[PDB]
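> I'd like to ask you about the structure that follows.
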Amino acid sequence: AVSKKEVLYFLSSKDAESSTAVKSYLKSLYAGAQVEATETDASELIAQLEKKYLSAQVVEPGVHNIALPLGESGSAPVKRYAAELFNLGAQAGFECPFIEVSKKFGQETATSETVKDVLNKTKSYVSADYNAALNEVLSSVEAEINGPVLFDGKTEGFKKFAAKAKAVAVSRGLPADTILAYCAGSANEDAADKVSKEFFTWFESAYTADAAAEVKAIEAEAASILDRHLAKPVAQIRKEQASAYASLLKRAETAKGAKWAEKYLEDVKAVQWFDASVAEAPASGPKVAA
Amino acid sequence: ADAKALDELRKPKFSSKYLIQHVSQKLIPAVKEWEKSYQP
Amino acid sequence: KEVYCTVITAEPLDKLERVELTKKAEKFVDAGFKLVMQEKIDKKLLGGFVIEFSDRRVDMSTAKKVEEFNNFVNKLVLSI
Amino acid sequence: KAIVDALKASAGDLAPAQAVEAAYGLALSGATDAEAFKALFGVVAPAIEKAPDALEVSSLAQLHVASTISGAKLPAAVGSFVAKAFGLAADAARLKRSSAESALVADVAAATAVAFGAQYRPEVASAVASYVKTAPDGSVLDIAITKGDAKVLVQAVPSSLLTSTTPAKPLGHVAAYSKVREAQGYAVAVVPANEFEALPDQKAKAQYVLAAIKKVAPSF
């Protein structure tokens, strides 16, 4: 059963095993069961850890339900794949990726006075091809002041760095004037409309190029896994795979009583139903209850 | 036997979801007993 | 028969942030000894306080509660 | 008056997920034609009685708003069931809170602590933890104040629940959440963030919150 904080996370979720846990919970509440009071407890560090591990139970069956657009031509399979992961972010409680990674910046650098310590605590989230181009330009503005460039904004020594880092950001290809004019806004709704149409033209060309770089790495991983496997004789392949299949079954049979190992071996019985339901009618496929 | 369902057949099979649940069922109740008992 | 101290906080204190701070500190000396006190500020602390007794330190900052939290969960998920 | 009487005769053409959003939209606009709500609730009530899991929990909560503001009743198994599903669908929007709404609620609750008398930070931090009482349906209210027999709820409605135009009044769903809580014993004081965060300091934000509580229940 679910712990009533999982089932609040699975309401806007749309995978199968989470909706049938919701639907049997809503069928219990139709038969007069009391909805248990959700906890007004679990302080700021424990609340961010439950949100970390309940979002990952919405993301994990959702990622396995998104077909990769491997070996497709065009942007719309890559835009479908990116839109399904956007919607998986919203179903799991994430915001927009722009609003969720900039929250990661301002959280990791809450205590930063100099921008060299910004550029070292946001190292995991910024590309090293871009972290280096902001560190080389930093040491030139460090050469003009011969004092550490501050994370102040009011400082004029930062204002000449922010005009040099804007020259770096346009060199990568990303419009730093359009990005800044979106998250700041404007007064009228007509001049803010044209900059949102120009941010979302960058943003869609941004997240497509992250999805397409993810597809081009799965395509390159699968093509090197296959070409290594096609160089084996077929007798080696069948026993390398039967050794890997049997070792991975035994790890789920060593684990007794665990919920994951009970569900692992129950899905092995559901794959063998799929192979057996196809053998009865192969022009029809698997037989669904209809 | 035959003809399972549709909502039984829409489940992704070898996802984690239950290692993530088994970890959070043994990390969240084990860390509430860390902040309630914490002095440096 | 004093005990000299210094307290580092994140922002300058209220007059009630001061009084409930000393009762945290009168139980970190094992006598009826008075802390005189000394006040410093560090935005690198995320709130809380750091008392330096000039021979020992008690770090009840939340900037250190965060670090001891992550090191507890980053080591607990590696065993489970 | 010509939409609602078009809806009372042809409420058999609507799916139960569509009849909910008809009755929810009439209740939010202030319709009292209760026989239009007899027609709309005549679709959704046998549909929940056949399969209660047929509708979304977001739509079972939009039924409880519609079954409250117009006041038209449901069956005894249905109207008690959709009352829990307002408590479910309001918690799920609180766990998945936008984190600038979490920055606004903890800002409004701090100004609610200053308005009710707290000069120092150990008093506002111990007061906003006392504002997080539990609603009767099982959900959690963030700024819920109780003085004896009168309760006052403070509601912060950030920008996602605001109209996207320049006057920027809050959307109709904020009066949905208000009038359901008002039928639970609360006096919902709306604090919108287009007015709240234009204020420069914490004292002006506390008198804005205090004036908003006086306008709704002047006992506080």
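Letters for chains follow the order of the structure tokens (A, B, ...), residue numbers begin at 1 for each chain, and ligand numbers begin at 1 in the order shown.
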Up to 8 Å from chain B, what residues of chain C turn up? Count only C-alpha atoms and give them as a PyMOL selection string.

chain C and resi 58-60+73+76-77+80

> Quick one: write out the picked residues with C-alpha atoms as a compact mmCIF listing (two decimals), in the first residue's frame?


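Saved to result17.txt:
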# COMPACT_ATOMS: atom_id res chain seq x y z
CA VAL C 58 30.62 24.64 19.21
CA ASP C 59 29.30 25.01 15.65
CA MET C 60 25.51 25.13 15.82
CA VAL C 73 22.26 10.73 3.74
CA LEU C 76 23.10 5.95 4.23
CA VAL C 77 21.98 5.46 0.63
CA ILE C 80 20.80 0.52 1.49

> Could you list, with a cut-off of 10 Å and counting only C-alpha atoms, the residues of chain A near chain B, each shown with its nearest atom pair and the distance in Å rounded to one decimal, rows sorted by chain and ascending number, as JSON lines?


{"residue": "A:3", "atom": "CA", "partner": "B:25", "partner_atom": "CA", "distance": 9.7}
{"residue": "A:6", "atom": "CA", "partner": "B:21", "partner_atom": "CA", "distance": 9.5}
{"residue": "A:15", "atom": "CA", "partner": "B:11", "partner_atom": "CA", "distance": 7.0}
{"residue": "A:16", "atom": "CA", "partner": "B:11", "partner_atom": "CA", "distance": 5.2}
{"residue": "A:17", "atom": "CA", "partner": "B:11", "partner_atom": "CA", "distance": 5.9}
{"residue": "A:18", "atom": "CA", "partner": "B:11", "partner_atom": "CA", "distance": 9.1}
{"residue": "A:19", "atom": "CA", "partner": "B:7", "partner_atom": "CA", "distance": 8.9}
{"residue": "A:20", "atom": "CA", "partner": "B:7", "partner_atom": "CA", "distance": 7.8}
{"residue": "A:42", "atom": "CA", "partner": "B:32", "partner_atom": "CA", "distance": 7.7}
{"residue": "A:43", "atom": "CA", "partner": "B:35", "partner_atom": "CA", "distance": 9.0}
{"residue": "A:45", "atom": "CA", "partner": "B:35", "partner_atom": "CA", "distance": 9.2}
{"residue": "A:46", "atom": "CA", "partner": "B:32", "partner_atom": "CA", "distance": 7.4}
{"residue": "A:47", "atom": "CA", "partner": "B:28", "partner_atom": "CA", "distance": 9.6}
{"residue": "A:49", "atom": "CA", "partner": "B:28", "partner_atom": "CA", "distance": 7.6}
{"residue": "A:50", "atom": "CA", "partner": "B:28", "partner_atom": "CA", "distance": 7.0}
{"residue": "A:52", "atom": "CA", "partner": "B:24", "partner_atom": "CA", "distance": 9.3}
{"residue": "A:53", "atom": "CA", "partner": "B:24", "partner_atom": "CA", "distance": 6.1}
{"residue": "A:54", "atom": "CA", "partner": "B:21", "partner_atom": "CA", "distance": 7.9}
{"residue": "A:55", "atom": "CA", "partner": "B:20", "partner_atom": "CA", "distance": 9.7}
{"residue": "A:56", "atom": "CA", "partner": "B:20", "partner_atom": "CA", "distance": 6.9}
{"residue": "A:57", "atom": "CA", "partner": "B:17", "partner_atom": "CA", "distance": 4.9}
{"residue": "A:58", "atom": "CA", "partner": "B:17", "partner_atom": "CA", "distance": 7.8}
{"residue": "A:59", "atom": "CA", "partner": "B:17", "partner_atom": "CA", "distance": 8.5}
{"residue": "A:60", "atom": "CA", "partner": "B:17", "partner_atom": "CA", "distance": 5.7}
{"residue": "A:61", "atom": "CA", "partner": "B:15", "partner_atom": "CA", "distance": 5.8}
{"residue": "A:62", "atom": "CA", "partner": "B:12", "partner_atom": "CA", "distance": 8.2}
{"residue": "A:63", "atom": "CA", "partner": "B:15", "partner_atom": "CA", "distance": 8.5}
{"residue": "A:64", "atom": "CA", "partner": "B:12", "partner_atom": "CA", "distance": 5.9}
{"residue": "A:65", "atom": "CA", "partner": "B:12", "partner_atom": "CA", "distance": 6.3}
{"residue": "A:66", "atom": "CA", "partner": "B:12", "partner_atom": "CA", "distance": 9.9}
{"residue": "A:258", "atom": "CA", "partner": "B:22", "partner_atom": "CA", "distance": 8.0}
{"residue": "A:259", "atom": "CA", "partner": "B:18", "partner_atom": "CA", "distance": 6.5}
{"residue": "A:260", "atom": "CA", "partner": "B:18", "partner_atom": "CA", "distance": 4.8}
{"residue": "A:261", "atom": "CA", "partner": "B:18", "partner_atom": "CA", "distance": 8.5}
{"residue": "A:262", "atom": "CA", "partner": "B:18", "partner_atom": "CA", "distance": 9.7}
{"residue": "A:263", "atom": "CA", "partner": "B:18", "partner_atom": "CA", "distance": 8.0}
{"residue": "A:264", "atom": "CA", "partner": "B:14", "partner_atom": "CA", "distance": 6.8}
{"residue": "A:265", "atom": "CA", "partner": "B:14", "partner_atom": "CA", "distance": 9.8}
{"residue": "A:266", "atom": "CA", "partner": "B:13", "partner_atom": "CA", "distance": 9.1}
{"residue": "A:267", "atom": "CA", "partner": "B:13", "partner_atom": "CA", "distance": 5.8}
{"residue": "A:268", "atom": "CA", "partner": "B:13", "partner_atom": "CA", "distance": 8.5}
{"residue": "A:270", "atom": "CA", "partner": "B:13", "partner_atom": "CA", "distance": 8.4}
{"residue": "A:271", "atom": "CA", "partner": "B:13", "partner_atom": "CA", "distance": 8.5}
{"residue": "A:273", "atom": "CA", "partner": "B:2", "partner_atom": "CA", "distance": 8.3}
{"residue": "A:274", "atom": "CA", "partner": "B:9", "partner_atom": "CA", "distance": 9.4}
{"residue": "A:276", "atom": "CA", "partner": "B:2", "partner_atom": "CA", "distance": 9.2}
{"residue": "A:277", "atom": "CA", "partner": "B:2", "partner_atom": "CA", "distance": 7.1}
{"residue": "A:280", "atom": "CA", "partner": "B:2", "partner_atom": "CA", "distance": 9.9}
{"residue": "A:286", "atom": "CA", "partner": "B:3", "partner_atom": "CA", "distance": 7.9}
{"residue": "A:287", "atom": "CA", "partner": "B:3", "partner_atom": "CA", "distance": 4.8}
{"residue": "A:288", "atom": "CA", "partner": "B:3", "partner_atom": "CA", "distance": 4.4}
{"residue": "A:289", "atom": "CA", "partner": "B:3", "partner_atom": "CA", "distance": 4.4}
{"residue": "A:290", "atom": "CA", "partner": "B:5", "partner_atom": "CA", "distance": 7.2}

> Which residues of chain A come within 10 Å of chain D, and for each one, what is the closest pair of atoms and their distance in Å to one decimal, counting only C-alpha atoms, sorted by chain and residue number, as a Markdown table?


| residue | atom | partner | partner_atom | distance |
| --- | --- | --- | --- | --- |
| A:4 | CA | D:88 | CA | 9.4 |
| A:5 | CA | D:95 | CA | 8.7 |
| A:6 | CA | D:92 | CA | 9.8 |
| A:7 | CA | D:92 | CA | 8.6 |
| A:8 | CA | D:92 | CA | 4.8 |
| A:9 | CA | D:92 | CA | 6.3 |
| A:10 | CA | D:92 | CA | 8.6 |
| A:11 | CA | D:57 | CA | 6.7 |
| A:12 | CA | D:92 | CA | 8.2 |
| A:19 | CA | D:53 | CA | 9.6 |
| A:20 | CA | D:53 | CA | 9.3 |
| A:22 | CA | D:53 | CA | 8.3 |
| A:23 | CA | D:53 | CA | 5.2 |
| A:24 | CA | D:53 | CA | 7.8 |
| A:25 | CA | D:53 | CA | 8.8 |
| A:26 | CA | D:53 | CA | 6.0 |
| A:27 | CA | D:52 | CA | 6.2 |
| A:28 | CA | D:52 | CA | 9.5 |
| A:29 | CA | D:81 | CA | 6.4 |
| A:30 | CA | D:81 | CA | 5.4 |
| A:31 | CA | D:77 | CA | 7.9 |
| A:32 | CA | D:81 | CA | 7.4 |
| A:33 | CA | D:81 | CA | 9.2 |
| A:34 | CA | D:84 | CA | 8.0 |
| A:35 | CA | D:138 | CA | 6.3 |
| A:36 | CA | D:138 | CA | 6.3 |
| A:37 | CA | D:138 | CA | 4.4 |
| A:38 | CA | D:139 | CA | 6.3 |
| A:39 | CA | D:140 | CA | 7.9 |
| A:40 | CA | D:132 | CA | 6.7 |
| A:41 | CA | D:132 | CA | 9.3 |
| A:47 | CA | D:95 | CA | 9.5 |
| A:51 | CA | D:95 | CA | 8.1 |
| A:55 | CA | D:96 | CA | 9.7 |
| A:90 | CA | D:96 | CA | 8.8 |
| A:91 | CA | D:96 | CA | 8.9 |
| A:92 | CA | D:96 | CA | 8.0 |
| A:93 | CA | D:96 | CA | 4.8 |
| A:94 | CA | D:96 | CA | 7.6 |
| A:95 | CA | D:98 | CA | 6.8 |
| A:96 | CA | D:98 | CA | 9.9 |
| A:99 | CA | D:99 | CA | 9.6 |
| A:100 | CA | D:99 | CA | 9.5 |
| A:103 | CA | D:99 | CA | 9.2 |
| A:187 | CA | D:166 | CA | 8.9 |
| A:188 | CA | D:166 | CA | 7.9 |
| A:189 | CA | D:165 | CA | 7.3 |

> With only C-alpha atoms considered, list every residue of chain D at most 12 Å from chain C, as a VMD selection string.

chain D and resid 118 to 125

> For the selection you just gave me, I'd like the residues written to a file as a short mmCIF file (atom, residue, chain, number, x, y, z; two decimals), in the first residue's frame, keeping N, CA and C atoms.


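Result written to again_10.cif:
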data_model
loop_
_atom_site.label_atom_id
_atom_site.label_comp_id
_atom_site.auth_asym_id
_atom_site.auth_seq_id
_atom_site.Cartn_x
_atom_site.Cartn_y
_atom_site.Cartn_z
N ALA D 118 4.91 40.37 16.88
CA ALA D 118 6.16 39.62 17.02
C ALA D 118 7.26 40.54 16.50
N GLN D 119 8.02 41.13 17.41
CA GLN D 119 9.02 42.10 17.01
C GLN D 119 10.33 41.45 16.59
N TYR D 120 10.65 40.26 17.08
CA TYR D 120 11.94 39.66 16.85
C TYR D 120 11.80 38.31 16.15
N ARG D 121 12.88 37.91 15.49
CA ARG D 121 12.97 36.71 14.68
C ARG D 121 12.73 35.38 15.40
N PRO D 122 13.08 35.17 16.67
CA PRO D 122 12.59 33.95 17.34
C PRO D 122 11.11 33.94 17.63
N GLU D 123 10.43 35.08 17.52
CA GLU D 123 8.99 35.09 17.67
C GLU D 123 8.26 34.88 16.35
N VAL D 124 8.79 35.39 15.23
CA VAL D 124 8.15 35.12 13.95
C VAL D 124 8.42 33.68 13.53
N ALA D 125 9.58 33.14 13.89
CA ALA D 125 9.87 31.76 13.52
C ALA D 125 9.07 30.77 14.34
#

> Which neighbours of residue 182 (chain D) fall inside 12 Å, counting only C-alpha atoms, when residues of the same chain fewer than 4 positions from it are skipped, and could you give them as a compact mmCIF listing (two decimals) with N, CA and C atoms, in the first residue's frame?


# COMPACT_ATOMS: atom_id res chain seq x y z
N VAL D 65 -16.35 21.96 -5.12
CA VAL D 65 -16.54 23.40 -5.20
C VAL D 65 -17.92 23.71 -5.74
N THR D 68 -20.81 23.11 -3.31
CA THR D 68 -20.78 23.99 -2.15
C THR D 68 -21.31 25.39 -2.45
N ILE D 69 -20.80 26.03 -3.51
CA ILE D 69 -21.11 27.43 -3.75
C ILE D 69 -22.56 27.60 -4.18
N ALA D 135 -6.59 21.33 8.28
CA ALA D 135 -7.96 21.56 7.88
C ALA D 135 -8.84 20.38 8.30
N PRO D 136 -10.17 20.58 8.39
CA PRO D 136 -11.04 19.47 8.79
C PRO D 136 -11.11 18.31 7.80
N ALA D 150 -13.50 31.65 16.50
CA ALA D 150 -13.36 32.23 15.17
C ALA D 150 -12.02 31.80 14.59
N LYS D 151 -12.03 31.40 13.33
CA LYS D 151 -10.83 31.02 12.61
C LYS D 151 -10.65 31.96 11.44
N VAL D 152 -9.41 32.30 11.13
CA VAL D 152 -9.10 33.11 9.96
C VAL D 152 -8.01 32.39 9.19
N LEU D 153 -8.25 32.17 7.91
CA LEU D 153 -7.26 31.62 7.00
C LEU D 153 -6.71 32.75 6.15
N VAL D 154 -5.40 32.78 5.99
CA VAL D 154 -4.77 33.73 5.08
C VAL D 154 -4.36 32.96 3.84
N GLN D 155 -4.71 33.49 2.67
CA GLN D 155 -4.42 32.85 1.40
C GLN D 155 -3.51 33.75 0.59
N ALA D 175 -11.50 32.16 -5.52
CA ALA D 175 -12.77 32.20 -4.84
C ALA D 175 -13.37 30.81 -4.74
N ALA D 176 -12.90 29.89 -5.58
CA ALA D 176 -13.23 28.49 -5.39
C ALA D 176 -12.65 27.97 -4.09
N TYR D 177 -11.36 28.22 -3.86
CA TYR D 177 -10.73 27.73 -2.65
C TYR D 177 -11.20 28.49 -1.43
N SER D 178 -11.57 29.76 -1.60
CA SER D 178 -12.01 30.56 -0.46
C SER D 178 -13.35 30.08 0.06
N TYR D 186 -13.80 29.02 8.18
CA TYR D 186 -12.69 29.94 8.06
C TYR D 186 -13.15 31.23 7.42
N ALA D 187 -12.35 32.26 7.59
CA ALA D 187 -12.63 33.58 7.03
C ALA D 187 -11.45 33.95 6.15
N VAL D 188 -11.52 33.57 4.88
CA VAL D 188 -10.34 33.56 4.02
C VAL D 188 -9.98 34.98 3.60
N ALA D 189 -8.79 35.42 3.99
CA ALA D 189 -8.26 36.73 3.62
C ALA D 189 -7.28 36.55 2.48
N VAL D 216 -12.29 40.82 6.63
CA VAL D 216 -12.99 39.55 6.49
C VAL D 216 -13.57 39.09 7.82
N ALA D 217 -12.77 39.11 8.88
CA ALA D 217 -13.27 38.89 10.24
C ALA D 217 -12.62 39.94 11.13

> Based on DSSP run over this structure's backbone, return all residues of chain B in helix (DSSP H, G or I), as a list in words.

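For chain B, the helix (DSSP H, G or I) set is residues 19, 20, 21, 22, 23, 24, 25, 26, 27, 28, 29, 30, 31, 32, 33, 34 and 35 of chain B.
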
> Check every residue of chain C for an atom within 8 Å of chain A, counting only C-alpha atoms, and provide those that qualify as a list in words.

residues 43, 44, 45, 46, 66 and 69 of chain C

> I'd like the contact shell of residue 12 (chain C) - 10 Å cut-off, only C-alpha atoms, skipping same-chain residues fewer than 4 positions apart - returned as a list in words.

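In the requested format, the answer is residues 8, 17, 18, 39, 40, 41 and 42 of chain C.
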
> Take the residues just selected and output them with N, CA and C atoms as a short mmCIF file (atom, residue, chain, number, x, y, z; two decimals), in the first residue's frame.


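As a result, out_35.cif now contains:
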data_model
loop_
_atom_site.label_atom_id
_atom_site.label_comp_id
_atom_site.auth_asym_id
_atom_site.auth_seq_id
_atom_site.Cartn_x
_atom_site.Cartn_y
_atom_site.Cartn_z
N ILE C 8 29.84 34.08 16.46
CA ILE C 8 29.69 34.47 15.07
C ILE C 8 28.32 34.01 14.61
N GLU C 17 17.28 37.52 20.06
CA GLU C 17 18.29 36.61 19.54
C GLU C 17 19.50 36.53 20.46
N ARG C 18 19.74 37.58 21.25
CA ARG C 18 20.86 37.58 22.17
C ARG C 18 20.56 36.77 23.42
N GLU C 39 30.75 39.64 19.46
CA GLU C 39 29.81 39.43 18.37
C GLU C 39 30.48 39.71 17.04
N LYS C 40 30.42 38.73 16.14
CA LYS C 40 30.88 38.89 14.77
C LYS C 40 29.81 38.34 13.85
N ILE C 41 29.91 38.69 12.57
CA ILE C 41 28.90 38.31 11.59
C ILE C 41 29.59 37.64 10.40
N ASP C 42 28.97 36.59 9.88
CA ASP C 42 29.48 35.86 8.72
C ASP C 42 28.31 35.38 7.87
#

> Rounded to one decimal in Å, what is the spacing between CA of residue 206 (chain D) and CA of residue 102 (chain D)?

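Pair CA of residue 206 (chain D) / CA of residue 102 (chain D) returns 17.9 Å.
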